[PDB]
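Asks: Before I ask anything, let me first share the structure, which is written out below as structure tokens.
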Amino acid sequence: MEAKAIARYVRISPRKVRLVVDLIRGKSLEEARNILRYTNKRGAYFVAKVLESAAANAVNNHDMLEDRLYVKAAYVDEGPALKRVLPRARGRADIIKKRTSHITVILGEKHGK
Amino acid sequence: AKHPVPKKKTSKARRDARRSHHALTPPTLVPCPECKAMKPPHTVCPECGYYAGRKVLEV
Amino acid sequence: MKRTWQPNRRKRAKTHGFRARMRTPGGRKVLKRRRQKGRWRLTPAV
Amino acid sequence: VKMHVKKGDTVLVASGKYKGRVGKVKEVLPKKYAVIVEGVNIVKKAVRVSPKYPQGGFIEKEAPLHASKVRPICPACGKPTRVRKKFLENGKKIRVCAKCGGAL
RNA sequence: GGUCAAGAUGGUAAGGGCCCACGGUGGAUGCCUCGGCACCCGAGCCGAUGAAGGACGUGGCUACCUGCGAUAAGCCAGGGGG
RNA sequence: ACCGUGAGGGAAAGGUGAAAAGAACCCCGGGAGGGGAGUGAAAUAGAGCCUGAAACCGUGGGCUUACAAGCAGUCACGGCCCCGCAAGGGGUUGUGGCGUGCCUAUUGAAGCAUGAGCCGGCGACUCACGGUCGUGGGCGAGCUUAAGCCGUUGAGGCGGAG
RNA sequence: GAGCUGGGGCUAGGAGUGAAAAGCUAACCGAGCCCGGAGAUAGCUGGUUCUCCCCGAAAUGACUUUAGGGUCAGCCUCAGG
RNA sequence: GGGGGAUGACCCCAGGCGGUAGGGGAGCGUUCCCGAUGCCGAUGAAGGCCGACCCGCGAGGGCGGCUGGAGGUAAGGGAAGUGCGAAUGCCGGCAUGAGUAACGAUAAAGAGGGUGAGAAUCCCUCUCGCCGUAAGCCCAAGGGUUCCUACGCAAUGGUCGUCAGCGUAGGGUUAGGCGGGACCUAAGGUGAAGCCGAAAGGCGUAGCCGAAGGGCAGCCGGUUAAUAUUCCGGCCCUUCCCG
RNA sequence: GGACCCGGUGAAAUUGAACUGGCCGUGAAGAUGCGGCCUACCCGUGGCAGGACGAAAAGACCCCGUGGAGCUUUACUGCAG
Ligand SMILES: [Mg+2]
Ligand SMILES: [Mg+2]
Ligand SMILES: [Mg+2]
Ligand SMILES: [Mg+2]
Ligand SMILES: [Mg+2]
Ligand SMILES: [Mg+2]
Ligand SMILES: [Mg+2]
Ligand SMILES: [Mg+2]
Ligand SMILES: [Mg+2]
Ligand SMILES: [Mg+2]
Ligand SMILES: [Mg+2]
Ligand SMILES: [Mg+2]
Ligand SMILES: [Mg+2]
Ligand SMILES: [Mg+2]
Ligand SMILES: [Mg+2]
Ligand SMILES: [Mg+2]
Ligand SMILES: [Mg+2]
Ligand SMILES: [Mg+2]
Ligand SMILES: [Mg+2]
Ligand SMILES: [Mg+2]
Ligand SMILES: [Mg+2]
Ligand SMILES: [Mg+2]
Ligand SMILES: [Mg+2]
Ligand SMILES: [Mg+2]
Ligand SMILES: [Mg+2]
Ligand SMILES: [Mg+2]
Ligand SMILES: [Mg+2]
Ligand SMILES: [Mg+2]
Ligand SMILES: [Mg+2]
Ligand SMILES: [Mg+2]
Ligand SMILES: [Mg+2]
Ligand SMILES: [Mg+2]
Ligand SMILES: [Mg+2]
Ligand SMILES: [Mg+2]
Ligand SMILES: [Mg+2]
Ligand SMILES: [Mg+2]
Ligand SMILES: [Mg+2]
Ligand SMILES: [Mg+2]
Ligand SMILES: [Mg+2]
Ligand SMILES: [Mg+2]
Ligand SMILES: [Mg+2]
Ligand SMILES: [Mg+2]
Ligand SMILES: [Mg+2]
Ligand SMILES: [Mg+2]
Ligand SMILES: [Mg+2]
Ligand SMILES: [Mg+2]
Ligand SMILES: [Mg+2]
Ligand SMILES: [Mg+2]
Ligand SMILES: [Mg+2]
Ligand SMILES: [Mg+2]
Ligand SMILES: [Mg+2]
Ligand SMILES: [Mg+2]
Ligand SMILES: [Mg+2]
Ligand SMILES: [Mg+2]
Ligand SMILES: [Mg+2]
Ligand SMILES: [Mg+2]
Ligand SMILES: [Mg+2]
Ligand SMILES: [Mg+2]
Ligand SMILES: [Mg+2]
Ligand SMILES: [Mg+2]
Ligand SMILES: [Mg+2]
Ligand SMILES: [Mg+2]
Ligand SMILES: [Mg+2]
Ligand SMILES: [Mg+2]
Ligand SMILES: [Mg+2]
Ligand SMILES: [Mg+2]
Ligand SMILES: [Mg+2]
Ligand SMILES: [Mg+2]
Ligand SMILES: [Mg+2]
Ligand SMILES: [Mg+2]
Ligand SMILES: [Mg+2]
Ligand SMILES: [Mg+2]
Ligand SMILES: [Mg+2]
Ligand SMILES: [Mg+2]
Ligand SMILES: [Mg+2]
Ligand SMILES: [Mg+2]
Ligand SMILES: [Mg+2]
Ligand SMILES: [Mg+2]
Ligand SMILES: [Mg+2]
Ligand SMILES: [Mg+2]
Ligand SMILES: [Mg+2]
Ligand SMILES: [Mg+2]
Ligand SMILES: [Mg+2]
Ligand SMILES: [Mg+2]
Ligand SMILES: [Mg+2]
Ligand SMILES: [Mg+2]
Ligand SMILES: [Mg+2]
Ligand SMILES: [Mg+2]
Ligand SMILES: [Mg+2]
Ligand SMILES: [Mg+2]
Ligand SMILES: [Mg+2]
Ligand SMILES: [Mg+2]
Ligand SMILES: [Mg+2]
Ligand SMILES: [Mg+2]
Ligand SMILES: [Mg+2]
Ligand SMILES: [Mg+2]
Ligand SMILES: [Mg+2]
Ligand SMILES: [Mg+2]
Ligand SMILES: [Mg+2]
Ligand SMILES: [Mg+2]
Ligand SMILES: [Mg+2]
Ligand SMILES: [Mg+2]
Ligand SMILES: [Mg+2]
Ligand SMILES: [Mg+2]
Ligand SMILES: [Mg+2]
Ligand SMILES: [Mg+2]
Ligand SMILES: [Mg+2]
Ligand SMILES: [Mg+2]
Ligand SMILES: [Zn+2]
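Protein sequences, first through last, are from chains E8, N8, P8 and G8.
Residue numbering for the first sequence follows PDB author numbering, starting at 1 and increasing by one per position.
Residue numbering for the second sequence follows PDB author numbering, starting at 2 and increasing by one per position.
Residue numbering for the third sequence follows PDB author numbering, starting at 1 and increasing by one per position.
Residue numbering for the fourth sequence follows PDB author numbering, starting at 3 and increasing by one per position.
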């Protein structure tokens, strides 16, 4: 049995946030909790929020037992891009993309036999 | 200056090769001498900090 | 530095305004045109 | 919007889930070409905690049905289409089943 | 068993390739249409009795469209219709 | 809309479902979002809604790679993984042999000559009336109607001026 | 001071204005911009999209305001003899 | 090509078969029509995704499985907006460069406390710095709700935001004297009369229109979250009408 | 003050695809890509600018076009005057 939370349309760049997701993958939820608080990146916040919403979803929904949990799977996909004009010298005008992330934490019960 | 430019779009292989150093490393962490939780060393705990002086108060 | 648009409300109505247009055969046709196209504004505003 | 059946009428449901079941047309919606024949084609709507039934989660109401889905009953059996007799002075509906008035 | 000189082969992936699976992104493709297009009929002027086209208004609550004009999402009468 | 002082220029953008039955209520959360519950024939039909291709990005798995050097393939054998009763096949690639991108323009281009970041859509030998050959048929010292006229579930026929 | 400047005005496309640079005339003026003639014309450059089968050239002559374009001839092809 | 005489498709035999410009010949596929009031179809149309399978020289056609949910359309013929890889093509989408340059004046910051889910960035205090013929204040253009206040942070803000010139909603602009008009004329403009011009239209004395100029009567203070020579207080004045 | 490091935000020209070394040769005559030989473990960061005939701009010079425009005159032909 396994539980999952997915944040969608998070306004952040995937490359940036995908980096801290790497940081906690296959970790017991208790270390994963520890790391993200003391990891210095903006995307630590957002990921911890998903981790949690998936911890809750474990015990409260799928009958999981919190102290047995670790991170089975996790990843961030790329939602649609916010495109804004950025005006430039000699009247040029580029377009910057404010990118968007779909964050996914998947939880599992450590074998705990 | 004549404004240099990349000559060939760089390949997936080569950019991801570029990135092979870019992985983060987890924060180095020690158990706090009193409280249940974890703290990074040579620091005062977010919660109930120290002994020899007045710590920031979660006490 | 001093640019080309120097808005002055008197000049605008006196130049592209409805009564300007109706004086000159040329101008009258700009109205006839703008109407036949179905423009929402036959003439600029001020 | 020519229709056929009206509010008073007694109609049969000719097709679908509720096929077979006579009831009375509760209301008639010419804009949608739909009749509401309760009790028939009931459904579960969820609802919030605002006033009456604050505590109440759900409410069973009944859906409209496409007007073509039903037929007037004809106080003999299961049919007809209908016809129109003028006579004197004017106006009508007449069961062609046959042959009856159409009452209320 | 294990000291010891030569030979010799194996796992290892920071990262990367190809294959497979499952997704994200994106909106091609098929189907749908009450919009368009062509021909053929039909029909063909309006205006100082203030036209065409507008402005500003007009709803118990009303941003916009539609309608309508201070009688303002409408007033009177005839025909229709149920 | 937007762009232009103005005349003027001038886009994008359609689809849940048979029916809103458009997801009460609970859980994480500041909201967003998700997870149960529920609805539904179906919910990767959940409103950033039919189908949902490709470039592109990501997770997981198999094979491989840190003393080799290259238009990236190809021919051979061998290793490892998969499928199969077998002989057999699919994947991957260690070594060995061979190997100068596509198109365009040129006497001649891998060319250090043009074009192209990649993918998906759109994108260029037509039509009328004459002509001139050929071909399939009708009639043949003849052949053939035009306008129009009658007639017609998309029915034809008449008409000999030329 | 042949000064600078606000407000109101007039002059324009072979036309204006110019203490004259062919300057300026709404951010490119040896002839403004817009819409139209209009799909002007382009002996030039580029591009021209499925598959299989047979044959298979020329880059020479003559004339050409012709020379990187044509017309006739030559060389390819297909049908009948 | 020559036999076999099926009158050719079938069978032997024998030869030819590199190819650009280009000529010839066979086919494949796409959209539509007849075939069709038919046939296939929810026991699943078109389209999609796989196949190591079958047929075809090839373009293709089959078949099987998954997806998909309402269309499809034989044999045989007809008609064309019929096949893309290139045009610095057109339209869209998404990459590379790259977590790179940059984040817009070198006037300059620091701490405490508050608020809040969250604070370098919001509020208050103290300290420090900068402008001061301004980088302060008042008017005209021009802009047009940006004003004041309550709630708010998706986006806009080059970071952040609890803040805002941003979203929602409510409120706010008070004049006989200030500015303009029921006054004047200026350049110009328009124009009875008049004149000229194929048409359109061009001119023109009077008049009329036209202003930051001429003419004309309000000064000081208080008040609101937001207006004040406009409301209020006090002190003054103008023009019309009628006695 | 930048540049460098960390946290936040995050462009651009360019880009056939790349698994993109040196020499002596060869080749459309100036080779990362062909031959022979030499050299070379995989991947980055800060730096220099010699090469990719580096980017940009369908060379402005030059010639071609029976292309265009401005200008001249005792070129031709007209028109105003
Ligand atoms: Mg700049
Ligand atoms: Mg600018
Ligand atoms: Mg310089
Ligand atoms: Mg100045
Ligand atoms: Mg402008
Ligand atoms: Mg003014
Ligand atoms: Mg309108
Ligand atoms: Mg009937
Ligand atoms: Mg790794
Ligand atoms: Mg999607
Ligand atoms: Mg009207
Ligand atoms: Mg209205
Ligand atoms: Mg009536
Ligand atoms: Mg009546
Ligand atoms: Mg009646
Ligand atoms: Mg405008
Ligand atoms: Mg929710
Ligand atoms: Mg169910
Ligand atoms: Mg779900
Ligand atoms: Mg699906
Ligand atoms: Mg679906
Ligand atoms: Mg989408
Ligand atoms: Mg549907
Ligand atoms: Mg979908
Ligand atoms: Mg995809
Ligand atoms: Mg992988
Ligand atoms: Mg060695
Ligand atoms: Mg090795
Ligand atoms: Mg290498
Ligand atoms: Mg090899
Ligand atoms: Mg080319
Ligand atoms: Mg060339
Ligand atoms: Mg050449
Ligand atoms: Mg040459
Ligand atoms: Mg090249
Ligand atoms: Mg090259
Ligand atoms: Mg070159
Ligand atoms: Mg060239
Ligand atoms: Mg394409
Ligand atoms: Mg086409
Ligand atoms: Mg012909
Ligand atoms: Mg013929
Ligand atoms: Mg014949
Ligand atoms: Mg005859
Ligand atoms: Mg002046
Ligand atoms: Mg002026
Ligand atoms: Mg001119
Ligand atoms: Mg001067
Ligand atoms: Mg302009
Ligand atoms: Mg200029
Ligand atoms: Mg000229
Ligand atoms: Mg052209
Ligand atoms: Mg012409
Ligand atoms: Mg010419
Ligand atoms: Mg042309
Ligand atoms: Mg040959
Ligand atoms: Mg020649
Ligand atoms: Mg030529
Ligand atoms: Mg010839
Ligand atoms: Mg043979
Ligand atoms: Mg051949
Ligand atoms: Mg059947
Ligand atoms: Mg079809
Ligand atoms: Mg299904
Ligand atoms: Mg299918
Ligand atoms: Mg075409
Ligand atoms: Mg091509
Ligand atoms: Mg270019
Ligand atoms: Mg593009
Ligand atoms: Mg880009
Ligand atoms: Mg990048
Ligand atoms: Mg940084
Ligand atoms: Mg760099
Ligand atoms: Mg740097
Ligand atoms: Mg920097
Ligand atoms: Mg700054
Ligand atoms: Mg607090
Ligand atoms: Mg001073
Ligand atoms: Mg103003
Ligand atoms: Mg503005
Ligand atoms: Mg404010
Ligand atoms: Mg507030
Ligand atoms: Mg915000
Ligand atoms: Mg922001
Ligand atoms: Mg506001
Ligand atoms: Mg006046
Ligand atoms: Mg005049
Ligand atoms: Mg005058
Ligand atoms: Mg006057
Ligand atoms: Mg005045
Ligand atoms: Mg005055
Ligand atoms: Mg006054
Ligand atoms: Mg005062
Ligand atoms: Mg104020
Ligand atoms: Mg005021
Ligand atoms: Mg007073
Ligand atoms: Mg060399
Ligand atoms: Mg090679
Ligand atoms: Mg070779
Ligand atoms: Mg070499
Ligand atoms: Mg470097
Ligand atoms: Mg260099
Ligand atoms: Mg440099
Ligand atoms: Mg150089
Ligand atoms: Mg150039
Ligand atoms: Mg050139
Ligand atoms: Mg020059
Ligand atoms: Mg010439
Ligand atoms: Zn009956």
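Think of the CB as a built atom: it goes at the ideal place given N, C-alpha and C, for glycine as much as any other residue.
Can you name, in chain order, every residue of its own chain whose Cβ lies under 6 Å from the Cβ of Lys-83 (chain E8), other than the five neighbours on each side?
Replies: Here the set comprises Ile-95, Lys-97.
Asks: So, helix, strand or coil for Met-64 (chain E8), using DSSP?
Replies: Reduced to three states, the DSSP call for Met-64 (chain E8) is coil.
Asks: Taking the C-alpha atoms as reference points, what is the distance between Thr-24 (chain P8) and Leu-31 (chain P8)?
Replies: Going by the C-alpha atoms only, they are around 11 Å apart.
Asks: Please report the distance separating the alpha-carbon of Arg-11 (chain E8) from that of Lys-54 (chain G8).
Replies: Near 40 Å, if we compare the C-alpha coordinates of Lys-54 (chain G8) and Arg-11 (chain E8).
Asks: Using a cut-off of 8 Å between C-beta atoms, extract the partners of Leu-19 (chain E8) located in chain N8.
Replies: In chain order: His-23, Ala-24, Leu-25.
Asks: Quick one: what's got a C-beta closer than 7 Å to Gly-27 (chain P8)'s C-beta in the same chain, skipping five residues either side?
Replies: Answer for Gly-27 (chain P8): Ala-20, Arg-21, listed in chain order.
Asks: Given this structure, state the Cα-to-Cα distance separating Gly-93 (chain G8) from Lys-71 (chain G8), to the nearest angstrom.
Replies: Each residue's Cα considered, the two are about 25 Å apart.
Asks: Using a threshold of 8 Å, state whether the C-beta atoms of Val-71 (chain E8) and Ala-32 (chain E8) are closer than that.
Replies: The answer is yes: Cβ separation under 8 Å.
Asks: Let me confirm a value: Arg-18 (chain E8) is counted as buried when at least 16 other C-beta atoms fall within 10 Å, else exposed. Which label applies?
Replies: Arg-18 (chain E8) should be labelled buried.
Asks: In this structure, does DSSP put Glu-109 (chain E8) in helix, strand or coil?
Replies: Looking at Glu-109 (chain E8) - three-state DSSP - the assignment turns out to be strand.
Asks: Could you confirm whether any beta carbon from chain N8 is found closer than 8 Å to the beta carbon of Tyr-38 (chain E8)?
Replies: With 8 Å as the cut-off, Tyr-38 (chain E8) counts as an interface residue toward chain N8.
Asks: Using the Cβ count rule (16 or more neighbours within 10 Å means buried), how would you classify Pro-74 (chain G8)?
Replies: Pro-74 (chain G8) comes out buried.
Asks: Between the C-alpha atoms of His-62 (chain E8) and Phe-60 (chain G8), what's the straight-line distance to the nearest angstrom?
Replies: Taking the straight line from one Cα to the other gives about 25 Å.
Asks: Tell whether a beta-carbon distance below 8 Å holds between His-68 (chain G8) and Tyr-20 (chain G8).
Replies: Their beta carbons are not under 8 Å apart, which means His-68 (chain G8) does not touch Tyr-20 (chain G8) by this criterion.
Asks: Along chain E8, in chain order, which residues have C-beta atoms closer than 9 Å to that of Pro-28 (chain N8)?
Replies: Residues of chain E8 passing the Cβ test: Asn-34, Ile-35, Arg-37, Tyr-38, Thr-39, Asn-40.
Asks: Using a Cβ-Cβ cut-off of 8 Å, state whether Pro-5 (chain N8) counts as contacting chain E8.
Replies: By this cut-off, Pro-5 (chain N8) is not an interface position.
Asks: Any beta carbon from chain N8 within less than 8 Å of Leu-69 (chain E8)'s own beta carbon?
Replies: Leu-69 (chain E8) does not count as touching chain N8.
Asks: Three or more beta-carbon pairs under 8 Å between the stretch 43-50 of chain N8 and the stretch 17-29 of chain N8, yes or no?
Replies: With a cut-off of 8 Å, the stretch 17-29 of chain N8 and the stretch 43-50 of chain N8 do not count as touching, because too few Cβ pairs lie within range.
Asks: Against chain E8, does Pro-41 (chain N8) count as a neighbour if the rule is that its beta carbon must be under 8 Å from one of theirs?
Replies: Closer than 8 Å: yes.
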